[PDB]
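Participant: Next up is a structure, given as structure tokens.
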Amino acid sequence: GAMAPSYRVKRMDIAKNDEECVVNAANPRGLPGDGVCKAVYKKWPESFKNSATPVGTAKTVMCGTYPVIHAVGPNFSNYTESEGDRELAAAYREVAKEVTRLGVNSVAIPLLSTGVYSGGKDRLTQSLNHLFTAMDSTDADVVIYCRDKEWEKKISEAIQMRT
Ligand SMILES: Oc1ccc2c(c1)OCO2
Ligand SMILES: Oc1ccc2c(c1)OCO2
Ligand SMILES: [Cl-]
Ligand SMILES: [Cl-]
Ligand SMILES: [Cl-]
């Protein structure tokens with residue numbers, strides 16, 4: 001575990017993280033995909049061997065000894081708000097199980113279902129609160145990666161609010 005488990009946020013490419021493992025915002029079919037998933041494919045292509053997994057689940061594949069946790073958020077284009085909310089919560093619970101099993105002291109994590117799976121809605125608060133529900137009981141240092149300067153500020157404020 002970490003000596004004083006923390007949450008942090010950085011505005012940079014998750015493919016350049018400084019943590020002991022990465023969560024991919026994966027598609028269910030293990031395809032290179034777009035956005036975070038494409039950056040992950042370019043950096044850790046070996047981790048997409050037999051990475052296909054259903055919505056609401058996480059499947060870990062090693063790239064050398066570096067774990068890539070493929071976490072499949074719902075595409076809110078296809079799911080109802082209610083069923084999508086349930087699957088998004090579930091995907092983060094499966095990430096917490098994997099991070100615990102791996103015995104890492106730190107993890108790099110994107111906000112699931114906030115980009116091309118967002119169904120055109122701002123889901124910062126929804127996705128972040130599901131991340132917290134899952135990860136609060138873990139002792140890994142969690143570092144959240146985002147792209148947008150206004151998102152960085154809002155994520156930082158939500159972390160600082162609980163401290
Ligand atoms: O400020 C940035 C945040 C995320 C990125 C990026 C720049 O390049 C690729 O992903
Ligand atoms: O398009 C992106 C690729 C990598 C990223 C990201 C966006 O935000 C964090 O890391
Ligand atoms: Cl970057
Ligand atoms: Cl997404
Ligand atoms: Cl973002």
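Letters A, B, ... go to the chains of the structure tokens in the order shown; residues in each chain start at 1; ligands are counted from 1 in the same order.
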Name the residues, by chain letter and number, that sit within 7 Å of ligand 2 using only C-alpha atoms and all ligand atoms, and give them as a list in words.

Facilitator: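 Protein and nucleic-acid residues within 7 Å of ligand 2: residues 11, 12, 13, 14, 15, 35, 36, 39, 110, 145, 146 and 147 of chain A.
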
Participant: Can you write out the residues you just picked, keeping N, CA and C atoms, as an mmCIF file, in the first residue's frame?

Facilitator:
data_model
loop_
_atom_site.group_PDB
_atom_site.id
_atom_site.type_symbol
_atom_site.label_atom_id
_atom_site.label_comp_id
_atom_site.auth_asym_id
_atom_site.auth_seq_id
_atom_site.Cartn_x
_atom_site.Cartn_y
_atom_site.Cartn_z
ATOM 1 N N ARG A 11 -3.166 16.934 -15.805
ATOM 2 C CA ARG A 11 -3.626 17.244 -17.164
ATOM 3 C C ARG A 11 -2.491 16.885 -18.108
ATOM 4 N N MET A 12 -2.492 15.625 -18.558
ATOM 5 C CA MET A 12 -1.447 15.129 -19.484
ATOM 6 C C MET A 12 -1.877 13.745 -20.005
ATOM 7 N N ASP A 13 -1.162 13.274 -21.001
ATOM 8 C CA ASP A 13 -1.344 11.948 -21.618
ATOM 9 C C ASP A 13 -1.070 10.845 -20.588
ATOM 10 N N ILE A 14 -2.100 10.035 -20.311
ATOM 11 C CA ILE A 14 -2.034 8.857 -19.379
ATOM 12 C C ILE A 14 -0.962 7.857 -19.850
ATOM 13 N N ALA A 15 -0.633 7.796 -21.156
ATOM 14 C CA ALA A 15 0.461 6.970 -21.712
ATOM 15 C C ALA A 15 1.836 7.399 -21.182
ATOM 16 N N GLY A 35 -9.025 8.102 -28.671
ATOM 17 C CA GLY A 35 -8.814 8.884 -27.438
ATOM 18 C C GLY A 35 -7.817 8.204 -26.500
ATOM 19 N N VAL A 36 -8.166 8.057 -25.228
ATOM 20 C CA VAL A 36 -7.329 7.339 -24.220
ATOM 21 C C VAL A 36 -6.970 5.939 -24.746
ATOM 22 N N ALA A 39 -4.125 5.933 -27.273
ATOM 23 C CA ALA A 39 -2.830 6.322 -26.652
ATOM 24 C C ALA A 39 -2.275 5.088 -25.943
ATOM 25 N N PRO A 110 -8.210 7.119 -15.971
ATOM 26 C CA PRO A 110 -9.022 8.129 -16.663
ATOM 27 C C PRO A 110 -10.470 8.145 -16.132
ATOM 28 N N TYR A 145 -6.035 11.189 -14.724
ATOM 29 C CA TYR A 145 -5.487 11.892 -15.922
ATOM 30 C C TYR A 145 -6.660 12.486 -16.702
ATOM 31 N N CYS A 146 -6.556 13.761 -17.081
ATOM 32 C CA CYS A 146 -7.539 14.448 -17.945
ATOM 33 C C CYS A 146 -6.789 15.284 -18.994
ATOM 34 N N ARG A 147 -7.558 15.858 -19.938
ATOM 35 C CA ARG A 147 -7.083 16.655 -21.107
ATOM 36 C C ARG A 147 -7.410 18.142 -20.901
#

Participant: Can you pull out the residues contacting residue 108 (chain A)? Cut-off 9 Å, using only C-alpha atoms, and skip same-chain residues under 5 positions away; I want them as number ranges by chain.

Facilitator: A: 14, 17-23, 141-145

Participant: May I have the residues within 12 Å of residue 6 (chain A) as an MDAnalysis selection string, using only C-alpha atoms and disregarding those fewer than 5 positions away in the same chain?

Facilitator: chainID A and resid 1 105:107 132 135:144 159:160 162:163

Participant: Let me see the file: selected residues, N, CA and C atoms, as a PDB file, in the first residue's frame.

Facilitator:
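Once written, part_32.pdb looks like this:
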ATOM      1  N   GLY A   1       0.859  -1.259   0.000  1.00  0.00           N
ATOM      2  CA  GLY A   1       0.000   0.000   0.000  1.00  0.00           C
ATOM      3  C   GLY A   1       0.852   1.250   0.000  1.00  0.00           C
ATOM      4  N   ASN A 105       1.224  -0.058  -5.538  1.00  0.00           N
ATOM      5  CA  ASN A 105       1.135   1.078  -4.607  1.00  0.00           C
ATOM      6  C   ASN A 105       0.577   2.320  -5.298  1.00  0.00           C
ATOM      7  N   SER A 106       0.354   2.273  -6.598  1.00  0.00           N
ATOM      8  CA  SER A 106      -0.164   3.463  -7.329  1.00  0.00           C
ATOM      9  C   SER A 106      -0.821   2.997  -8.630  1.00  0.00           C
ATOM     10  N   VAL A 107      -1.739   3.809  -9.134  1.00  0.00           N
ATOM     11  CA  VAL A 107      -2.520   3.514 -10.369  1.00  0.00           C
ATOM     12  C   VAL A 107      -2.856   4.845 -11.054  1.00  0.00           C
ATOM     13  N   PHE A 132     -14.558   7.397  -6.924  1.00  0.00           N
ATOM     14  CA  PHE A 132     -14.340   7.517  -5.448  1.00  0.00           C
ATOM     15  C   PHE A 132     -15.011   6.355  -4.744  1.00  0.00           C
ATOM     16  N   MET A 135     -12.752   3.301  -5.204  1.00  0.00           N
ATOM     17  CA  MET A 135     -11.318   3.370  -4.875  1.00  0.00           C
ATOM     18  C   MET A 135     -11.091   3.819  -3.423  1.00  0.00           C
ATOM     19  N   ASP A 136     -12.100   4.331  -2.750  1.00  0.00           N
ATOM     20  CA  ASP A 136     -11.857   4.916  -1.395  1.00  0.00           C
ATOM     21  C   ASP A 136     -11.351   3.859  -0.423  1.00  0.00           C
ATOM     22  N   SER A 137     -11.794   2.634  -0.564  1.00  0.00           N
ATOM     23  CA  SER A 137     -11.429   1.505   0.322  1.00  0.00           C
ATOM     24  C   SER A 137     -10.096   0.878  -0.093  1.00  0.00           C
ATOM     25  N   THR A 138      -9.453   1.320  -1.206  1.00  0.00           N
ATOM     26  CA  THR A 138      -8.119   0.826  -1.610  1.00  0.00           C
ATOM     27  C   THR A 138      -7.031   1.710  -0.997  1.00  0.00           C
ATOM     28  N   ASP A 139      -5.826   1.182  -0.851  1.00  0.00           N
ATOM     29  CA  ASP A 139      -4.692   1.978  -0.319  1.00  0.00           C
ATOM     30  C   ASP A 139      -3.674   2.339  -1.403  1.00  0.00           C
ATOM     31  N   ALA A 140      -4.006   2.198  -2.694  1.00  0.00           N
ATOM     32  CA  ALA A 140      -3.107   2.695  -3.757  1.00  0.00           C
ATOM     33  C   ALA A 140      -3.190   4.228  -3.887  1.00  0.00           C
ATOM     34  N   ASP A 141      -2.071   4.891  -4.167  1.00  0.00           N
ATOM     35  CA  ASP A 141      -2.071   6.297  -4.642  1.00  0.00           C
ATOM     36  C   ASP A 141      -2.823   6.301  -5.979  1.00  0.00           C
ATOM     37  N   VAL A 142      -3.858   7.124  -6.096  1.00  0.00           N
ATOM     38  CA  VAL A 142      -4.656   7.217  -7.347  1.00  0.00           C
ATOM     39  C   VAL A 142      -4.314   8.544  -8.014  1.00  0.00           C
ATOM     40  N   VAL A 143      -3.904   8.481  -9.266  1.00  0.00           N
ATOM     41  CA  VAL A 143      -3.638   9.693 -10.074  1.00  0.00           C
ATOM     42  C   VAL A 143      -4.586   9.685 -11.277  1.00  0.00           C
ATOM     43  N   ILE A 144      -5.472  10.672 -11.311  1.00  0.00           N
ATOM     44  CA  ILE A 144      -6.533  10.831 -12.348  1.00  0.00           C
ATOM     45  C   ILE A 144      -5.954  11.672 -13.477  1.00  0.00           C
ATOM     46  N   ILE A 159     -11.500  16.795  -5.204  1.00  0.00           N
ATOM     47  CA  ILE A 159     -10.559  16.034  -4.322  1.00  0.00           C
ATOM     48  C   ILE A 159     -10.350  16.846  -3.029  1.00  0.00           C
ATOM     49  N   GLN A 160     -10.028  18.131  -3.184  1.00  0.00           N
ATOM     50  CA  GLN A 160      -9.650  19.030  -2.053  1.00  0.00           C
ATOM     51  C   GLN A 160     -10.846  19.179  -1.109  1.00  0.00           C
ATOM     52  N   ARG A 162     -12.936  17.025   0.073  1.00  0.00           N
ATOM     53  CA  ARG A 162     -13.071  15.880   1.017  1.00  0.00           C
ATOM     54  C   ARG A 162     -11.864  15.811   1.965  1.00  0.00           C
ATOM     55  N   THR A 163     -10.877  16.707   1.810  1.00  0.00           N
ATOM     56  CA  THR A 163      -9.610  16.735   2.597  1.00  0.00           C
ATOM     57  C   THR A 163      -9.672  17.825   3.678  1.00  0.00           C
TER      58      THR A 163
END

Participant: Please, which residues of region 21-99 of chain A, numbered as in this document, come out strand (DSSP E or B) from DSSP, as a list in words?

Facilitator: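 Going through region 21-99 of chain A, the strand (DSSP E or B) residues come out as residues 22, 23, 24, 25, 58, 59, 60, 61, 62, 63, 66, 67, 68, 69, 70 and 71 of chain A.
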
Participant: For the contact check between chain A and ligand 4, emit one row per residue of chain A within 7 Å, containing the shortest atom pair and the distance in Å rounded to one decimal, counting only C-alpha atoms and all ligand atoms, chain then rising number order, as CSV.

Facilitator:
residue,atom,partner,partner_atom_place_in_ligand_line,distance
A:25,CA,ligand 4,1 (Cl),6.4
A:112,CA,ligand 4,1 (Cl),5.5
A:113,CA,ligand 4,1 (Cl),3.8
A:114,CA,ligand 4,1 (Cl),4.7
A:115,CA,ligand 4,1 (Cl),3.7
A:116,CA,ligand 4,1 (Cl),4.6
A:117,CA,ligand 4,1 (Cl),4.2
A:118,CA,ligand 4,1 (Cl),6.0

Participant: Quick one: pull the distance between CA of residue 119 (chain A) and CA of residue 46 (chain A), Å, one decimal.

Facilitator: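 For CA of residue 119 (chain A) relative to CA of residue 46 (chain A), the distance reads 29.7 Å.
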
Participant: Neighbouring residues of residue 131 (chain A) were defined as those with any atom within 10 Å, considering only C-alpha atoms; residues of the same chain fewer than 6 positions away were excluded. Please report them as a compact mmCIF listing (two decimals) with N, CA, C and O atoms, in the first residue's frame.

Facilitator:
# COMPACT_ATOMS: atom_id res chain seq x y z
N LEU A 88 -21.49 1.88 -15.20
CA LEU A 88 -20.33 2.77 -14.97
C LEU A 88 -19.83 2.54 -13.53
O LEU A 88 -18.61 2.34 -13.33
N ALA A 89 -20.74 2.47 -12.57
CA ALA A 89 -20.41 2.13 -11.16
C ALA A 89 -19.72 0.76 -11.12
O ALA A 89 -18.68 0.60 -10.42
N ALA A 90 -20.23 -0.22 -11.86
CA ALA A 90 -19.73 -1.61 -11.82
C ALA A 90 -18.30 -1.64 -12.38
O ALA A 90 -17.41 -2.38 -11.82
N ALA A 91 -18.03 -0.94 -13.49
CA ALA A 91 -16.68 -0.97 -14.12
C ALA A 91 -15.63 -0.51 -13.08
O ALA A 91 -14.58 -1.15 -12.93
N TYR A 92 -15.92 0.58 -12.36
CA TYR A 92 -14.98 1.06 -11.32
C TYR A 92 -14.85 0.07 -10.17
O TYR A 92 -13.71 -0.06 -9.66
N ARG A 93 -15.93 -0.60 -9.73
CA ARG A 93 -15.73 -1.66 -8.69
C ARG A 93 -14.76 -2.74 -9.18
O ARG A 93 -14.00 -3.24 -8.34
N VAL A 95 -12.32 -2.37 -11.30
CA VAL A 95 -10.97 -1.75 -11.29
C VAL A 95 -10.41 -1.84 -9.85
O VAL A 95 -9.23 -2.21 -9.70
N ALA A 96 -11.20 -1.50 -8.86
CA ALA A 96 -10.70 -1.57 -7.45
C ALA A 96 -10.24 -3.00 -7.10
O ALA A 96 -9.19 -3.14 -6.48
N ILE A 109 -5.50 6.52 -13.71
CA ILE A 109 -6.91 6.21 -14.07
C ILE A 109 -7.56 7.38 -14.81
O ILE A 109 -7.59 8.51 -14.31
N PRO A 110 -8.21 7.12 -15.97
CA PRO A 110 -9.02 8.13 -16.66
C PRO A 110 -10.47 8.14 -16.13
O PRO A 110 -10.94 7.17 -15.47
N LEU A 111 -11.24 9.22 -16.37
CA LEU A 111 -12.68 9.21 -16.00
C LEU A 111 -13.46 8.47 -17.10
O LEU A 111 -13.57 9.02 -18.24
N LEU A 112 -13.92 7.26 -16.79
CA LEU A 112 -14.64 6.38 -17.73
C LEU A 112 -15.92 7.06 -18.18
O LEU A 112 -16.55 7.82 -17.37
N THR A 125 -18.82 14.80 -12.83
CA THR A 125 -19.23 14.52 -11.43
C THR A 125 -19.68 13.07 -11.32
O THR A 125 -19.29 12.35 -10.35
N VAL A 142 -3.86 7.12 -6.10
CA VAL A 142 -4.66 7.22 -7.35
C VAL A 142 -4.31 8.54 -8.01
O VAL A 142 -4.34 9.61 -7.36
N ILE A 144 -5.47 10.67 -11.31
CA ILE A 144 -6.53 10.83 -12.35
C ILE A 144 -5.95 11.67 -13.48
O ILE A 144 -5.35 12.72 -13.17

Participant: For CA of residue 133 (chain A) and CA of residue 74 (chain A), determine how far apart the two atoms are, in Å to one decimal place.

Facilitator: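 Atom-to-atom, CA of residue 133 (chain A) to CA of residue 74 (chain A), that is 17.4 Å.
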
Participant: Can you work out which one of A:54, A:120, A:32, A:5 has the shortest atom-to-atom distance to residue 73 (chain A), counting only C-alpha atoms?

Facilitator: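 Closest candidate: A:54.
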